[PDB]
Amino acid sequence: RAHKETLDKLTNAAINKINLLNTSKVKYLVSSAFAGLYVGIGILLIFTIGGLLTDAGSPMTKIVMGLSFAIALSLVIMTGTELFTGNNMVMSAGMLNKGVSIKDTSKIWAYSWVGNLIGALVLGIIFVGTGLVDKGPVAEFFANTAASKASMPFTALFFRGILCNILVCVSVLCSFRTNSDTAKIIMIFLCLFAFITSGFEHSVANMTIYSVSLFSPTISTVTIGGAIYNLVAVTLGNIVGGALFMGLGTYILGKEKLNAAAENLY
Amino acid sequence: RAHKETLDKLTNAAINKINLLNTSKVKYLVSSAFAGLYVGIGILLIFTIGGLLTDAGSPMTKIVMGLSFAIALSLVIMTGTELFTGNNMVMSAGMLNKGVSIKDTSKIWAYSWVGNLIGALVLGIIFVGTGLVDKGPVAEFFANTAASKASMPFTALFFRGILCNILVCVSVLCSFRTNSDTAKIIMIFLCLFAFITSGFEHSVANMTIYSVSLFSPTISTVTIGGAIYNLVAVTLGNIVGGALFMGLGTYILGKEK
Amino acid sequence: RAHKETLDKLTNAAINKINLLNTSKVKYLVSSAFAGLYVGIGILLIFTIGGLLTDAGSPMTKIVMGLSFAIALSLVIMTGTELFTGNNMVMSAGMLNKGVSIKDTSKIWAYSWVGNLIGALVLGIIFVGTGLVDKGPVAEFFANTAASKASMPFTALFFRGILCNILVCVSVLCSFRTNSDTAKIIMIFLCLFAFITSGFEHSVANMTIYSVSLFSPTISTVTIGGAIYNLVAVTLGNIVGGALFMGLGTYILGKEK
Amino acid sequence: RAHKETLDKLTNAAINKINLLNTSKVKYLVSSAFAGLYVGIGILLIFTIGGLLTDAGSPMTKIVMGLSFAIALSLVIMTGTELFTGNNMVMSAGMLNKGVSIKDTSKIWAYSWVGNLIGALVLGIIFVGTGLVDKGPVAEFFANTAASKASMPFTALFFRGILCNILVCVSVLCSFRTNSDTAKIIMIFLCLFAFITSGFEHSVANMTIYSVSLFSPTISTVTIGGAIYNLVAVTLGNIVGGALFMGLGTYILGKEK
Amino acid sequence: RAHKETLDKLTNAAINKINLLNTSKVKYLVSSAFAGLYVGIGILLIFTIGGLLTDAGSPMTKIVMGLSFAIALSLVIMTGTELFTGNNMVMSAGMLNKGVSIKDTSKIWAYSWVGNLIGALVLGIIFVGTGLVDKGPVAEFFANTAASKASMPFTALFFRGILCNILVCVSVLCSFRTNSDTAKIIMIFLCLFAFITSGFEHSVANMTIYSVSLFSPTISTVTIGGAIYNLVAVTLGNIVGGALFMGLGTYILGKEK
Ligand SMILES: CCCCCCCCO[C@@H]1O[C@H](CO)[C@@H](O)[C@H](O)[C@H]1O
Ligand SMILES: CCCCCCCCO[C@@H]1O[C@H](CO)[C@@H](O)[C@H](O)[C@H]1O
Ligand SMILES: CCCCCCCCO[C@@H]1O[C@H](CO)[C@@H](O)[C@H](O)[C@H]1O
Ligand SMILES: CCCCCCCCO[C@@H]1O[C@H](CO)[C@@H](O)[C@H](O)[C@H]1O
Ligand SMILES: CCCCCCCCO[C@@H]1O[C@H](CO)[C@@H](O)[C@H](O)[C@H]1O
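Residues numbered from 1 in each chain as written, not as in the entry; some residues may be left out. Chains lettered and ligands numbered in written order. Heavy atoms only, no water. Residues with missing side-chain atoms left out of burial classes, pairs and counts.

1. Brief notes about the UniProt feature "transmembrane region" (unreviewed entry) in chain A
Within this numbering scheme, the UniProt entry marks residues 28-51, 63-87, 108-132, 152-173, 185-207 and 227-253 of chain A as carrying the feature "transmembrane region" (unreviewed entry). Helix makes up 83% of residues 185-207 of chain A and strand 0%. Its end C-alpha atoms lie 23 Å apart. (UniProt positions renumbered as here; feature names shortened; annotations may be inferred. Helix = DSSP H or I, 4+ residues; strand = E, 2+ residues; numbered from the N terminus.)

Right, here's the structure in full:
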């Protein structure tokens, strides 16, 4: 346990993010574009597996998918690129610790979200171009899943988004709490396995699911209005999970009782 | 044989725990709540697996569940949060070695247990709101496991609680004996694999098994007395394993001539 | 972060490649022949798996193939040898950073591509002499995959090439951002799993698919023009993925404005 | 290479073991009882797996059991506790190297073996009390395995005991030759997978097999004479494996010329 | 790249090998006997797996065998012992680099191969003594594999030997290029997976195949003439793989010229 020094690290990470965005908007967006595409890469893989195993009628489908998703956030952490869902915790913590402002935060949130989206779009276009989604069980898996995510009640999506970002941000948190790159990756594998297989909802990952589906030639049963719906619900859920739970939580754990230079702890 | 070193570390962690509690009840409770929720997260995953593979008739169900539970304690150890079952060995070793009093130990136990339960209630509530336990195999898996755990005889729950916490605490003990975070996670993986697949009982994990089931409107036979009955029996077993075996054992190996 | 240091690292690597080729063509080409052979070894392993599981009607075939391909880039990275696809990002980043020139880049690309191919030819020849492709499902998996890769339309091949090298180059990128060799190998394993199972195309691996198919006794529809066609389409796609995305992207991330 | 430094370290461990026993019999026996229990925990896990998979008619049963046994020696090594079988190599090398006496070695063997059995006995008692061996495939697995282990000809048991302790002791030798805890656990995992799946015999793991089978009222296939018969023949082969092969061998590798 | 550094490490290792042999024949031979037996342990495990899964008609047999062979060379590398196949690259590179003579190289090859053989013979005898090859699918897997290896044409064996020792030697080369013991083991794992599942031939592993096959009364399918035929062809292939590819290749990469 050193929660204080962890709090200092999240604060420094928040500071550097806003400093970077102010410095170069292109640098910051390109960083966010990579991250969105890196996450999407995980989606292409596990949806391929979904199509493959669903068509075969395997009971192991959802387990294999979760076991296979680690690459999404592992690429993000190992490239040091900008992922919206992680910024929920980092910027929240930083702000409570007075390193960054509410404006600084909404800004990072806004642009990371947008750049991630750009990444998914580019990935979506390129993947469809491969013809792997022209016809088949994988194409169908994208179709069916895109539809289900858009057709499900806001409350359900909302809560799934909370639990997702608790898991995604806690893996990010572990990355702050260890110097071992291999331990980072392992904690990410565990958290992404738990979140994918348990059926929680990740906003950035969905950007690619719909990106691929709306760019896909075969029918739709998608209704881009649906994509927006899903994305709104999951995003707010994510924010709560990251900002309300992990951000505030790590702040509470690490803030020195002294200071006390504002507020007092029971 | 770093046994004296190890006991010095347990004792120091025990001291740090109670000082934290005395310094801040909110910080102690929040840390406890996180650890309760992180463990419950393991349960959500392995019960999803449980539902899926049970409904398939697979012989691999309990093996895959065991292999998949590592995240529970991995998250706890890697976040530095407060977990009741682990405090059983730490506070007992630290007390035997005169770093902390019995009152300190009793308090730390009461508070982490209550913190953990709070974490489980929040998780159980939020999980239910996802609608994932509304209906189907995962819902049924919660409903049936909760019931069999609440109706099992006391001596059996108790002895299962003993073996579980020997495994949970020995994995915490390993984390004190290595500087390698990967090796910590590996040993956690092994010990949680052994305890889940063998059929041992974890009090804090059960808190989520019960919060989910009770909070789920999809019908169940457990109730509160059922949940309380299991929790009491498993907690007592957990304490015996952690304190009487691991705490006393490590104190004996580590104590000064 | 450390994007600037990462760009410095790629620029330095890109500089050392051209300096090496300028000092010794033999060394450069020997290094390239090794890498081409190391990648092809991954192809032998997973096509053997392909032949085995396809024959069995397993739904797991492509998944097991992906999980088992890690050796291909792990060997290259752990031996420090010269792979054409990795050089798409390294040389493009170093070129934008003015460590090396465009001519340096096309020279390095030409030499590593050809040297890679020499390794593939050598490997295919020796593999055929083992008798392991004389007949049976492995021989058939080689014939069938070669045929389908060569008969696929250009656009599809090109885009699969793009996504393949994004993954391969981002694995190399990771190897520059960690001092942990285990972490390098793990990231390579994840990226190669993703690209093999997703259906993406790697020019250098395809060299072995084709040298094996064309050197072996078992009759196919492939021919030579087919191999060349596939290799042209996938190479261009690989170049776009490694150069336009990873090379340009890491340069933009690390460049002092 | 470091054969000399390795022998030095084995010698030192032999010296530290005898000193520990001389200083405190209790500390020594308690360490021994932990190790015997930790080994036994691996048996509880894999016999659970055995009952589940056998009951299912799985061809993978013995493979999954081997893969799942690593916890047994991993716990011992990571907690630094006293295991009879490892002491076959350590004491024999140490004695050969003039660090410890023949009588010292005899004493460490007797105490560690008996203390290990104390751990198995205690574990068997508690595990029976879980009700997990009451009736079903896990109880049948214990009962069937214990009977076949007690009815197997001496020669076959003895030789199985030799190969077993070459594997266990070589995994302890590896832990002496690396500073990476993660690599220690990997090597233990491999060697334990090899010995369980191949069919080799480990005296201390067997103590738990017989303690569970004998303490359980719903298991009557063996009795005590059957257990002694097996344990005597497996212990003798263990000794030969660890002392005559590993101990003598590493001494010959490391000794001053 | 650090190709010169690697060649220097290889050259130092060759020098150290020949000094060892010159210093003590007994030490050199004991070391070789260990490696031969450690490699054979891997054979005992994967042939138990082969017999189990072949008898069940599993498509996964050769895949699980390849995945399970890592112990063979992991033990050799972690105990620092003398393996003939590895010495093909090490002595070869150190010779080209003028650290050791052609005669030193012949000597080291001769002694390690014979020593490796002594370990295989001992392991064979003891394994037969376990009764584990008395009868059933494991004995039959041994009998059938020995026979197919004995009847295979020379060219096909030779080329299989080449590819096998590229893999074994590149895995040894990897261990000279990293300070991470976990990474060494991982690369060894991947290379042995590749060579076993693909169908490549390893001379020292084959020693234990024929050892068990010739010592078991219940295995009739082969003669000493067959074993010798296979061992000669496969050894020659191994030498070409280790010395002419890896040895010469690494010399070329690393030579200051
Ligand atoms: C909002 C939730 C707050 C939970 C705090 C629980 C307070 C318990 O407090 C402690 O309980 C122990 C026994 O149960 C006693 O032994 C201690 O003396 C006592 O301080
Ligand atoms: C409660 C546990 C008591 C354990 C006591 C074990 C002591 C055994 O005693 C030892 O036995 C050997 C042979 O039997 C002798 O050769 C040793 O000299 C002797 O010290
Ligand atoms: C060293 C091997 C393990 C020894 C275990 C001895 C426990 C015996 O104890 C008793 O004996 C009877 C038959 O054995 C059983 O029927 C009883 O249930 C059991 O309590
Ligand atoms: C158990 C006995 C094993 C002894 C093996 C010795 C075989 C030596 O063999 C020879 O050694 C010479 C130099 O020493 C080489 O020059 C020869 O090429 C080589 O054949
Ligand atoms: C089951 C297989 C998982 C293996 C994961 C290995 C991760 C180990 O961790 C790594 O190990 C190295 C030790 O050799 C260290 O040098 C590194 O610091 C460390 O990150």
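2. As for the UniProt feature "binding site: Zn(2+)" (unreviewed entry) in chain A
Under the UniProt annotation, "binding site: Zn(2+)" (unreviewed entry) lies at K4(A), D8(A) and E256(A). A maximum C-alpha distance of 10.9 Å among these annotated residues, which run over 253 residues, shows that they cluster at one spot. Along the chain, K4(A) falls in helix α1 (residues 3-23). On the basis of relative accessibility, which here comes to 36%, the residue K4(A) falls in the partly exposed class. Looking at the element boundaries, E256(A) is found in the segment after α11 (225-254). Apart from the residues lying within four places of it in its own chain, the contact partners of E256(A) are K4(A) and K27(B). (Buried < 20%, exposed > 50% of the residue type's maximum accessible area, 1.4 Å probe, protein only. Contact = heavy atoms within 4.5 Å.)

3. What to know about the UniProt feature "binding site: Zn(2+)" (unreviewed entry) in chain B
All names here are of chain B. Under the UniProt annotation, the feature "binding site: Zn(2+)" (unreviewed entry) is placed at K4, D8 and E256. Along the chain, the position of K4 falls in helix α1 (residues 3-23). Those residues in contact with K4, other than ones at most four positions away along the chain, are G254, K255, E256 and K257. By secondary structure assignment, the location of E256 is in the segment after α11 (223-254).

4. Structural notes on the nonpolar core
Counting residues in each nonpolar core, the largest one holds 464 residues, and the members touching the most others are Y38(B), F142(D), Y38(E), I41(E), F69(E), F142(E) and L167(E). Sorting elements by how many residues they give to this core places helix α2 (residues 25-56) of chain C first, with 16 residues. (Core = buried A, V, L, I, M, F, W, Y, C linked by side-chain atoms within 4.5 Å.)

5. Section: the site of ligand 1
Residue and element names in this part refer to chain B. Every residue near ligand 1 is listed here: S106, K107, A110, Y111 and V114. When isolated, ligand 1 has an accessible area of 530 Å², and the protein chains bury 42% of it. Partitioned by chemical class, the residues of the shell around ligand 1 number three nonpolar, one polar and one charged. (Near = heavy atom within 4 Å. Areas by Shrake-Rupley, 256 points an atom, 1.4 Å probe, with all protein chains shown as cover. Nonpolar A, V, L, I, M, F, W, Y, C, P; charged D, E, K, R; others polar.)

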